[PDB]
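Q: Numbers 4 to 51, 55 to 665, 716 to 1306, taken from the deposited numbering, label the letters of the sequence shown in order.
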Amino acid sequence: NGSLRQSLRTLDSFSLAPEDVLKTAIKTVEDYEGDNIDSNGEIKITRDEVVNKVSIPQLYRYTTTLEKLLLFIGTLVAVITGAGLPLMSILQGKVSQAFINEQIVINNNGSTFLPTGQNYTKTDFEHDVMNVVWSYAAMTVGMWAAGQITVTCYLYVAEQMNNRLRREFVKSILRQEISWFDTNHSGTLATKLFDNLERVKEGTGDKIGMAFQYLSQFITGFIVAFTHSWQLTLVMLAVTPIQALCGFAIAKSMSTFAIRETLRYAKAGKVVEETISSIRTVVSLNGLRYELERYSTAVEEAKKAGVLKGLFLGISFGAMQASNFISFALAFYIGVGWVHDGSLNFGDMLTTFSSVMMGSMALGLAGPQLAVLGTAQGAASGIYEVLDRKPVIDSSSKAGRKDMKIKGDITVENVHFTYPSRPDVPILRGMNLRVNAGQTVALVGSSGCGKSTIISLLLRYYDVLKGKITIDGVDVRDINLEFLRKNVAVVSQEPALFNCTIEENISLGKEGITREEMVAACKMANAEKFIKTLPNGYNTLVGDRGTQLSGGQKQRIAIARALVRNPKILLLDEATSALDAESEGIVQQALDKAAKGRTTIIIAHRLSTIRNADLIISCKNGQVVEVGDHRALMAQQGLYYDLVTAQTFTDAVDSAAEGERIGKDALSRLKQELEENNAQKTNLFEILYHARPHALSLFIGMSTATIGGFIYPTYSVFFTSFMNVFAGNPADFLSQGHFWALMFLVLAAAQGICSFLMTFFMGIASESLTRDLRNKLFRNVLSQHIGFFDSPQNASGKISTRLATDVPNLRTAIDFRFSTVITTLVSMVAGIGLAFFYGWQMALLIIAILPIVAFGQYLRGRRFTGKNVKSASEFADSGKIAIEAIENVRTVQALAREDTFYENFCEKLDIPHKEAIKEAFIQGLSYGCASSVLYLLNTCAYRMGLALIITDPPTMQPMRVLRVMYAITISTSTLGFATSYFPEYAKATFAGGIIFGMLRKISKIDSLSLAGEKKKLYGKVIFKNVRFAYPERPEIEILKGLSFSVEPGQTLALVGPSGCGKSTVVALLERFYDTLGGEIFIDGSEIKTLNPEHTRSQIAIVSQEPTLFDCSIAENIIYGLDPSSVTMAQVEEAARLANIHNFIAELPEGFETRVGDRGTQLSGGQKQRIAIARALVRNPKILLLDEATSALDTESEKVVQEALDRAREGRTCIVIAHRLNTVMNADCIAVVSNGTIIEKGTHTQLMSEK
Ligand SMILES: *[C@H]1O[C@H](CO)[C@@H](O[C@@H]2O[C@H](CO)[C@@H](O[C@@H]3O[C@H](CO)[C@@H](O)[C@H](O[C@H]4O[C@H](CO)[C@@H](O)[C@H](O)[C@@H]4O)[C@@H]3O)[C@H](O)[C@H]2NC(C)=O)[C@H](O)[C@H]1NC(C)=O
Ligand SMILES: CCCCCCCCCCCS[C@@H]1O[C@H](CO)[C@@H](O[C@H]2O[C@H](CO)[C@@H](O)[C@H](O)[C@H]2O)[C@H](O)[C@H]1O
Ligand SMILES: CCCCCCCCCCCS[C@@H]1O[C@H](CO)[C@@H](O[C@H]2O[C@H](CO)[C@@H](O)[C@H](O)[C@H]2O)[C@H](O)[C@H]1O
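1. Skipping 5 residues on each side, what residues in its chain have a beta carbon closer than 8 Å to that of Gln1217?
2. Could you give the uninterrupted runs of the beta strand (DSSP E) lying entirely in the region 1046 to 1088, keeping only those of 3 residues or more?
3. Taking the alpha-carbon of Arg551 as reference, which of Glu45, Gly1221, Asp933, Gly1291 has the nearest alpha-carbon?
4. Spatial neighbours of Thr210 within its chain, please: C-beta separation below 6 Å, excluding the five flanking residues on both sides.
5. Using only the heavy atoms of ligand 3, determine whether one of them is closer than 6 Å to the beta carbon of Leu951.
6. Between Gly1206 and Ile1270, what straight-line distance do the alpha-carbon atoms span, to the nearest angstrom?
7. Let me know the secondary structure DSSP gives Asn780 once reduced to three states.
8. So, at 6 Å on beta carbons, what are the nonlocal neighbours of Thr446 in its own chain, with the 5 sequence-adjacent residues on each side left out?
9. By DSSP's criteria, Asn125 is part of a beta bridge. Which residues make up the other side?
10. Using 7 Å as the threshold, is the C-beta distance between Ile1050 and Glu729 below it?
11. With respect to the alpha helix (DSSP H) encompassing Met94, which residues constitute its N-terminal and C-terminal limits?
12. Consult DSSP for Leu900 and reduce its assignment to one of helix, strand or coil.
13. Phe1137 bridges to which residues according to DSSP?
14. Quick one, what's near ligand 1 if you take every residue whose CB is closer than 7 Å to any heavy atom, in chain order?
15. Given this structure, state the Cα-to-Cα distance separating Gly1115 from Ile1272, to the nearest angstrom.
16. Taking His234 as part of the alpha helix (DSSP H), name the residues at either end of that continuous run.
17. Output needed for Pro1162: all residues of its chain with C-beta closer than 7 Å, excluding positions within five of it in sequence on either side, in chain order.
18. Which residue or residues does DSSP assign as beta-bridge partners of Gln629?
19. Which partner residues of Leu576 appear in the DSSP bridge assignment?
20. What is the rounded straight-line gap between the Cα of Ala886 and the Cα of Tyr768?
21. Where do the ends of the alpha helix (DSSP H) carrying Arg567 lie?
22. Identify which residue in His133, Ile1026, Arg827, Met260 has its Cα closest to the Cα of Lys309.
23. Is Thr1035 near ligand 2, with its Cβ less than 6 Å from a heavy atom?
24. What is the rounded straight-line gap between the Cα of residue 2 and the Cα of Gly406?
25. With a threshold of 6 Å, establish whether the CB of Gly1032 neighbours any heavy atom of ligand 3.
26. Near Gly1134, what residues of its chain come up, given a Cβ to Cβ distance below 6 Å and the 5 sequence neighbours on each side ignored?
27. Compute the Euclidean distance between the alpha carbons of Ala972 and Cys962, then round it to the nearest angstrom.
28. Check the DSSP bridge columns for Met437 and list the partner residues they point to.
29. Quick check: the Cα distance between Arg867 and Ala751, rounded to an integer number of angstroms?
30. Any idea what DSSP makes of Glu963, helix, strand or coil?
31. Measure the Cβ-Cβ separation of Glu208 and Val24 and say whether it is below 7 Å.
32. Using three-state DSSP, classify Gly388 as helix, strand or coil.
33. Relative to the C-alpha of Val305, which candidate in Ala533, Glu204, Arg266, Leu1164 has its C-alpha closest?
34. Does the Cβ of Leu1232 have 16 or more other Cβ atoms within 10 Å, making it buried, or fewer, making it exposed?
35. In or out: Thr921 buried (at least 16 other Cβ within 10 Å) or exposed?
36. Between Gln219 and ligand 3, is there a pair consisting of the residue's CB and a ligand heavy atom that are separated by less than 6 Å?
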C-alpha cells in the first residue's frame, strides 16, 4: 500500500498545474498519518495480495464475443475522450490569437495587421471565433457521448464478466476433493476468496477506461505540444526535475518526522498506560504529580518535533509552489525571445504551453488507475487456481455406475491409508473387516487406530492408498460418487445444520420430500416432541439469525435428515460424544431405532451402548485385532475385554463419588466513542476557542493565508497582461514581455513565503493545542476518584489511545489543511469580484454556468445520490450462502446437495446483478455529463465574448474579455480539492466532542487537591456505622453498618467469608471511595475533611500481588518521595528490615537492576518484600495489610511473614486475611460476616467462645 502511494506521489509531482502542487502536497502528509502509519511511525507495506499474477487476457476470459467487442469499442472511445484537453489547447491558441489580433485592430483605429499586412475585417474575426465556438460545441455533445460510451461499456462488461466468474467459482469449489480443503484448512479461506472476488471487479471496471483516457492525454498532450513548439516543451520539461525534488522533499521530511514524532510520544504513551492500569497503586504511593511531570516532559518533546515538522513542510511545500511559477516565468522569458525573432507564433506558444500541462497532469492520474488493474491480476490467482483450472482427482460430478440395487454388503480388504497432509504418519495399515447385509457392526478401539477414517473412506472423501473397499462386491472407486453418497448416510459427531428452517434442513435429505415423509423420520429420530413445544414449529429458522437449539436437539434433526432418504447403509460416528450426560439418553434411543432395518457401522466412545451389536470389531494401530460378538470377545480377554472392564471401572468410581474480536478505522470508532458518553460533538469555533492561548500564531497563519489567497487572482492579471503585450506593439514585445515574465519570479517568491508562513505558524497553533489538551486531560484523569476507572469507557487502553490519536485527530481541523480552505475561499471571492470589475456582462454569464460546471466535477468524484451502502449490501447475502457451503463442504458433499447450494447462491445473486447493469447505464450517463461540462463553459464564454466585441460602440474590448475569463477559471482552480477538508473536519468534530466533554467532568473525590485539613496522623482509626456500596453496583450493599476502633500502635485483624465486606476496609480508608452512610474518623477528623494528598502519604499498603514499575529497585522503593528527601543509606536500612538486603546487594549492580522488565524476574516472595521496603522508607503512621501473604502457607510464607511483623511495630495496622492462621499476634481480631462484625477480642479470648 505504502510503496505504491509513494511512487504514485512522484507521478503527481511532475504535474505543472499550480493547483496540483497544492493537491500533491496535502496528499503527501496524509500518506504519513493515522491508519497509514504503524506503531513505530513507519509506512504500512505489503500487509493489509498474491505472489503470482494472472495474465490480463486471461483475466478478461468469460467475456462473450459481443462483450469483447463492447470492450474494444469502449477502449477506442476512451482514447478520444483523453484527446479532448489537448485538442482544446489548439482551440485555445487559435481563439487567443484571434482575440489578441482584433485588439491590434482596435488599437490602430481599424486597419490591417503588422505580420504580412492582413486586413483583419470584422468578418475575419467573426469567422475565427465562431469556428472555435462551434468546435467547443461539437466537443460538448461529442465528449458526452464519448464519456458515456467509455464508462457504460466498461462497467457493463465488468459486471457481466464478474457475475459469471462468481457463480463459476462457487460451482467449482464445492466440487473439489476434501483433501484440498485439508491443505487450505483455514476457516477464513471462504471469506478471503470472496474478498478477492470483489477486488477483481474493482480493477476490470471503468477504472480501465479511465486508465486509457489518462494514457492518451499524456501522449496526445505532448504530441500537440511538440508539433507546435519542440523548443518550449524541452524548455519546460527541463524545470520539472527541480519541482520533483521539492516533491521528494515533502515525502522525505514527512516520513522522517513521522518516525521521530511517534518514537518521542511512545515514551509518553508508556507513562499514561502503566499508571492508569495501576492507578490504585500510584495513588497509594503518592506519585501522581511525579507522573504528571514525566508525561508533560514527554509531550513537550513531541510538540517540539511537531513544530519542526511544520518548518520542513513549510520550506518544501513553499519551494514546490515557488519553483512551479519559475517554470512559467522561464518559459515566458524565452517565449517573447522567440516571437520577436519571428521564430514562434503567439497562438502556437499559448498552445504548446497549455499542452504540456495537460500532458504532465495526465501522468499523475494514469498511475492510480493502472495500479487497480495490478491488484486485480493478483487477487484473481487464488480464485483461478480453483476455478476449473485444476482438474480434481475426486470429481463429485462424473459417472461410475448407477445400475446396482444395494443390499448393504461392505468389505474392507488390506486397506493401507495415510492422509495427504501429514503423509508421514500412517493411520490404517492392512485392515481387514467384513460387514454383511443387515448387520449392525461396531468399531471399537483406542484413539490411535482409525475407526473413524473407515467412514471417511466409505464416503470416498479420500482414496484408499493400498487395498480396496467394496459395497455389494463392487469397488467404491468404480461406483458413481453421487450415487454412493445418496445410498450411504452419515451422522457425524458434531451435527451441521444450515441457516434455514428445521424442515428445510431435513428436506435436504431427499429430492422429492413429502410432509408426511418428513414427520415419519422426525418421530423416529425422537425430534417431533420438542419441535412442537417451540414456536413456529418446523417453520422456525435454526442458525445465526434464528434460535440456538441444544446440541442434543441439533443432532436429532441430523439423525432425521439421514433417515429421510431411507439408506441401505448408515454410518454413526460418535454422534453422542459431544453431548452432556442428561442429553445423551434420548439421542441414543434415536440412534438405535435408526440402525434397525439396515447395515450400520457404529463408532462409539461409550462401550455400554455397543454391547448388543451384531458384531464387534476391535482396532489397534490401524488394523483389526479381534472380531466377534460381546460374549465371544469377553471370553478371549482381548483388547475389547480390556476396554470394557477398564471403562466400566472408571464409570463405577465416578458414579459412586458423584451420583482481537473487533477492528476498524478511526471514523467509525469515534462515532461509537461519542456514544457511551454524553459527548455532544464539537464545532470549529469551539475548537478555536480552546486554541485561544495560541491566537497569535493562529492569526499570522490565517492572515498570511488570506494574503496568500490573493495570489491566484493576481496570477490571472500577470498572465493576461503578458498576452496584452502581443496585442499591438512596435517591437515592444521585449520591453514589456521580459517584464511580465520576470514578474512571475516575484509572484513565485510571494507564494513561496506566504505558503511557508502559513503551514509553519498554523503548525505551531495546532501542535501547541495538542500539547495543551494533553496535559489538561491527563491532569483531569489522575485527579479522578478511582470509581472513575471502574467504568468501562475509562479503561487503561481507551484513555491511552484518546491522548495518542484522538487529540492529534482534533489537530487536523486547525493545521494547514484548514488554512488552505481560507486561501481557496478568498481567491474564489476576490477572483469573481475582479472578474466583475473588468466586465460585468462577461462575468455574470460565466458565473451562471459555474453551478453546472461544479455539478459535473461533483459527478466526476463517482458519488451519485448520497451513498452506496444499500447497493452492495445485497451482495453480502449471496456471499453468506456461499461461505456457509464452503464452511460445511463435507456435509453438502455427503448429502449430494452441492448442486442445490449453487442454485441458491445464483438466485440470491440475480437481484444484485440485475440492478448493477441498470446502474452501469446510470453511472455512464453521469460521466457523460461530467466530462463534457467543461467544454460547455468555453462554447458559451467565447460566444458571449464575441457578441460583446462585434457590437457597434463596442461594449467590451477583446483583451478585456479574456481578463474576465481567466479571473474566474484561474481563481477557482483550487476549489475542487478544497472539499477534502470536510471529511477530516467531521472526524475531528467527534474527537473534540469527546475530549472537551471529558474535561468538563470533575472529580467527586479530587486527588491532587491542595484543600482540606493537612494534619499529622497518630493512628486513631475509627469506623462508625459505616455503610458502603460500590459505584458500579449501587443497589447491592457490601458494608451493612461496620463499626470498630483501632488505637495507635494497635493491630486489628478482619477475618471472614468472601464478599462479606472486609476487603473494602483498605479501600475506604485510603479514600478510593466515599461512604454511603456513617463516618470514618482518623485521629478525630472525619476522612472527608482531610486533604487526600497529605494523608495518603502517611498511609502505606502491601497487597497480595504488589505491582512494581519499569525502573530500578532503588527508585521503585522510594517511588513517591522526591530525590532530595531520602538518603541511599535509608533505602538499604529499609531493605534490611524487609529481608531483601541479601538478594539485591549480593546481586549484580545492586539496587540499580531493572525490575518489572517484561514481567517480574524476582519471585512473588521477593516482590512482596520490596513492597515492605517501600513502606519503610516513608515511616507510615498507619499501615494497611491486605492479604499480605500470597505464598500459599508454605516455605516462602514464613520468610516474608516474619518480615511483616518487624514493620508494624511502632505504627497502627489493619490486617485483612483470607487465611485464619497468620491472624495471631494481633492486638485485637474481629469477624465480619455480612458487613458487620459479630465477635471481637484477641486470639486467645476469641478462641474460648465457640
Ligand atoms: C482592407 O480594409 C478595407 C476593406 O473593406 C478597405 O478600406 C477602404 O478604405 C477606403 C479609404 O478610406 C474607402 O474609401 C473609398 O472607397 C471607394 C470605393 O471603393 C474608392 O473609390 C476610393 O478610392 C479612391 O478613389 C479615387 C481614385 O483616385 C481617389 O480620388 C480617392 O481619394 C480614393 O483614394 C476610396 O478607397 C473604401 O470604402 C474601402 N475599400 C473599399 C473597396 O470599399 C482597405 O482598402 C483594404 N485594404 C487593402 C490594402 O486592400
Ligand atoms: C449536490 C451538488 C453539489 C454541487 C456543488 C459542487 C461544489 C464544488 C465541487 C465539490 C465536489 S468535487 C470533488 O472533487 C474531487 C476531485 O475531483 C473528488 O475527489 C476525487 O477525485 C480526486 C482527484 O482530485 C481524488 O484525489 C479523490 O481520491 C477522489 O475521491 C471529490 O469526490 C469531489 O467531491
Ligand atoms: C455566485 C458565486 C458562484 C460560485 C460558483 C463556484 C463554482 C466553482 C466550480 C469549480 C469546479 S472544480 C474545477 O474544475 C475545473 C475544470 O472544470 C478544474 O480546472 C483545471 O482542470 C481542467 C481540466 O479538467 C483544466 O482545463 C483547467 O485549466 C484547470 O485549471 C479545476 O482544477 C477544478 O477546481
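Don't be surprised by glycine CBs; every beta carbon is placed ideally from N, CA and C.
A: Quick answer:
1. Looking up residue 1217 in the sequence shown gives position 1161. Around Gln1217: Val1211.
2. 1077 to 1084
3. The residue labelled residue 551 in the question sits at position 545 within the sequence shown. Nearest option by C-alpha distance: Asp933.
4. Counted from its first residue, the sequence shown places residue 210 at position 204. Only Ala164, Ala382 meet the Cβ criterion.
5. Residue 951 sits at position 895 when you count from the first residue of the sequence shown. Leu951: no, Cβ never under 6 Å from ligand 3.
6. In the sequence shown, counting from the first residue as 1, residue 1206 sits at position 1150. In the sequence shown, counting from the first residue as 1, residue 1270 sits at position 1214. Spanning the two alpha carbons is a distance of roughly 32 Å.
7. Mapped onto the sequence shown, residue 780 falls at position 724. The answer is helix: DSSP assigns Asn780 an H, G or I state.
8. Along the sequence shown, read from residue 1 onward, the residue named residue 446 stands at position 440. Same-chain partners within the cutoff: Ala601, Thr606, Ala619, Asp620.
9. What you label residue 125 is simply residue 119 of the sequence shown in a count that begins at 1. Paired residue(s): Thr118.
10. Counted from its first residue, the sequence shown places residue 1050 at position 994. Counted from its first residue, the sequence shown places residue 729 at position 673. For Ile1050 and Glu729, yes; Cβs fall inside 7 Å.
11. Locating residue 94 in the sequence shown gives position 88, counting from the first residue. Where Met94 is concerned, the enclosing alpha helix (DSSP H) stretches over 90 to 113.
12. Along the sequence shown, read from residue 1 onward, the residue named residue 900 stands at position 844. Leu900 falls in the helix class under three-state DSSP.
13. As a first step, residue 1137 is located in the sequence shown; it is residue number 1081 there, counting from the start. DSSP lists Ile1078, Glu1142 as partners of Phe1137.
14. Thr118, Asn125, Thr127
15. As a working mapping, residue 1115 is identified with position 1059 in the sequence shown. As a working mapping, residue 1272 is identified with position 1216 in the sequence shown. Near 13 Å, if we compare the C-alpha coordinates of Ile1272 and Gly1115.
16. Residue 234 sits at position 228 when you count from the first residue of the sequence shown. 212 to 234 is the extent of the alpha helix (DSSP H) around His234.
17. Residue 1162 sits at position 1106 when you count from the first residue of the sequence shown. Within the same chain, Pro1162 has close Cβ partners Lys1223, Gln1224, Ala1227.
18. Mapped onto the sequence shown, residue 629 falls at position 623. In the DSSP output, where bridge partners are listed per residue, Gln629 has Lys626.
19. Residue numbering aside, residue 576 sits at position 570 when the sequence shown is read from its first letter. Looking at the DSSP assignment, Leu576 forms a beta bridge with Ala495, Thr606.
20. The count along the sequence shown starts at 1 and reaches residue 886 at position 830. The count along the sequence shown starts at 1 and reaches residue 768 at position 712. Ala886 and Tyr768: Cα-Cα distance of roughly 9 Å.
21. As a working note, residue 567 is residue 561 in the sequence shown. Element bounds for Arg567: 557 to 569.
22. Position 303 of the sequence shown holds residue 309. Checked all of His133, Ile1026, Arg827, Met260; the closest Cα to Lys309 is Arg827.
23. Here residue 1035 is taken as the residue at index 979 of the sequence shown, counted from 1. Under cutoff, so the answer is yes.
24. Past the edges of the chain, shown from 4 to 1306, lies residue 2, and the structure says nothing about it.
25. Reading the sequence shown from its first residue, position 976 is the one you call residue 1032. Checking every heavy atom of ligand 3 against the Cβ of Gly1032, one is found closer than 6 Å.
26. Locating residue 1134 in the sequence shown gives position 1078, where the first residue counts as 1. If we look at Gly1134 and ignore the five residues flanking it on each side, its Cβ neighbours are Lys1080, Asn1081, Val1082, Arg1083.
27. One-based indexing of the sequence shown puts residue 972 at position 916. One-based indexing of the sequence shown puts residue 962 at position 906. Cα-Cα distance, rounded: 15 Å.
28. Translated into the one-based positions of the sequence shown, residue 437 becomes position 431. Beta-bridge pairing links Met437 to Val421.
29. In the sequence shown, the residue the question calls residue 867 occupies position 811. In the sequence shown, the residue the question calls residue 751 occupies position 695. About 15 Å.
30. Taking the first residue of the sequence shown as 1, we reach residue 963 at position 907. The answer is helix: DSSP assigns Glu963 an H, G or I state.
31. Stepping through the sequence shown from its first residue, residue 208 is reached at position 202. Stepping through the sequence shown from its first residue, residue 24 is reached at position 21. Not closer than 7 Å, so no.
32. Indexing the sequence shown from 1 puts residue 388 at position 382. In this structure, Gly388 counts as helix in the three-state DSSP scheme.
33. Along the sequence shown, one-based indexing puts residue 305 at 299. Nearest of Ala533, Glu204, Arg266, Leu1164 to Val305, Cα basis: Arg266.
34. Here residue 1232 refers to the residue found at position 1176 when the sequence shown is read from its first residue. Looking at its Cβ environment, which holds 16 or more other Cβ atoms inside 10 Å, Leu1232 is buried.
35. Counting from 1 along the sequence shown, the entry for residue 921 is found at position 865. Per the 10 Å Cβ criterion, exposed.
36. The count along the sequence shown starts at 1 and reaches residue 219 at position 213. The answer is no for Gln219.
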